[PDB]
Structures are given as structure tokens and as C-alpha cells.
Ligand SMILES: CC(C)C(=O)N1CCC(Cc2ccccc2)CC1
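In the block that follows, a single chain appears as C-alpha cells, in the form deposited without the named molecule.
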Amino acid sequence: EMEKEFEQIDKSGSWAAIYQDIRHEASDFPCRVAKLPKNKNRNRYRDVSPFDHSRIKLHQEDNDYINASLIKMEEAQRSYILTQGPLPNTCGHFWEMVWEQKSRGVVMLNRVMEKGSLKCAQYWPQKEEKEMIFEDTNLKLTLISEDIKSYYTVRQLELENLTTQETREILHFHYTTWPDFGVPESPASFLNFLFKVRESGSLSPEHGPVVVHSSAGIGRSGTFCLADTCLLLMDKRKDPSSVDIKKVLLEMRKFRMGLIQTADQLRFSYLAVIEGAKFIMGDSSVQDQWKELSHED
């Protein structure tokens, strides 16, 4: 049982040790393409690169590289694309990926500016009347509407392939109060957000994988995906207590390095899954409780 595992770790003061063990056991795969000199301006951080085996390839002959990885969770039957916050010169690549991968939703867990420093480009329009055109990939992006809540914002965007003239509605789920290398204000606020993404239909297998990002696409991003996949497994398995969150995280790390960046983020992931499980195990009244507890504007 996760509650028992959580207490065992918490009471012994072993979070740093458990987390460091996961880091030590994590997969080590090559990232040769990410390191090619010509790709230097496509990486936000020198210490965060996608593995070659799981990287997302752009469908262009020029240069198919983007710092993004496909996290394919076989048993959970869900895939996610984790990517860095787009750079000024990779915003067109980012939307090209969204288009090509048939994604319906984009989950952003960081702010454009954090601690007086730029952590992600302003890759979507802030005003309806000021749409964006990405010349390099021939895509147009328009803000259709946005619903701003106390700690997160949901936006409806229209993405158009200017080559084929076809358009698609993309849902943007922006968590605006999650500090870098920090944790959500509470399991409640996090789960309320996660279930909003779920209820939107964006994570449905009928769509391409949801695109999840933070500044590097590994810390807050890994937390989001780890919680979601664990809950998926608990709903799917005969014995939900058989889900080992540490093993799920190691499985995810076979696809992208460094998922979950701090011991406290790992600790928070346990709390988020333990709380979310109360809903999966029936008692769907907790969902309204998180809603109320989140104080979403």
C-alpha cells in the first residue's frame, strides 16, 4: 500500500535516499543527435537532452531534431510527449510537432518568466486579435478563448496548417503557480488540474499523445505524468496496491532522463497518487472536494 510505503519513508527521513537510489538506477542511453553541433541552438539546457531511441522526429528533411521525448507507457496504455519550454527559434518546431503527432492538448507547468529569468518563450498568442504565424513550419496559431482561474488557465487555440489549410483545436492547460524545482500548493490543487485535463478528452487514445512541458520538460513534467500513469494503473489492476510508484518512475525514465527533479517532488507524487486513489477506489465525492479546496478563482 502506498500509504504504508509513504509513511515508512517519511518517518525514517529517507526521501533523499529513496530519490537518490532512483537516480542511480535510472537508464543511461545515448543522446547523439541532441549533441550534434548543428543542434546547439535547439536545446535550452546542456544537461537535459532526449535519448535517441525515444526522441520525437519532426517530419522535415532539413533537420528533424526537437528536444522532445515520447514516453510510452505500455501497461497504462497512455503516451506523453515531454519537451522543454520552446526557445524563440524552436516555437515553429514545437507546433510542427503538435500538428504531426496529432496532439489535442498541451500541458504547461511553468511560467514564461521565473525568478526574473526567462524559462520558456511566449509560444502562444496572448490576445485574440494578435495571432502568430510560424514562417519556418508554415503554421498559424490563434487564441480563441481563455478561462483564467486562481492557479491555472485553460485556453482554446486554433492551429492551422497553412500548407493544407486544415485547422485543429488545441487545448492549452497552463498551471501558473508551480515553482521551478518546487511542488504544487497541495495534492488537491494538482489533482483538480489533472482531472480537468482528463475530462477535456485530451488524454484520450483517439488523439495523439498530449504534449507536456515545463522549462526543461523533466521535473514538474515528470511529476504530472508519474501521478497520471500511477492512477491509470491503479484503476486497471486487480490489486491497486501492487502499483510501485518507484518502478513506474524508473519505467518512464527509460524514455527521458531526469524525470522528477527533487526528493520533495517525489514525495509530492506519492501524496498526489494516494489522494487521487480515493477517487479511483469509488467515493467520487473527493473530486468536488479538490475543486473546493483548490479555490480556483
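Residue positions are given as counts along the sequence shown, with the first one as 1.
Here the subject shifts to the form deposited with the named molecule bound, a form of this protein not shown in this document.
Figure legend: unbound chain with the named molecule modelled from its position in the bound PDB entry by local C-alpha superposition. Site blocked, with three or more ligand atoms within 2.4 Å of backbone or C-beta atoms. Proximity of residue 194 to the named molecule in the bound PDB entry falls within the 4.5 Å heavy atom cutoff. Although the partner is absent here, residue 231 sits close enough that one of its heavy atoms falls within 4.5 Å of the named molecule in the bound PDB entry.
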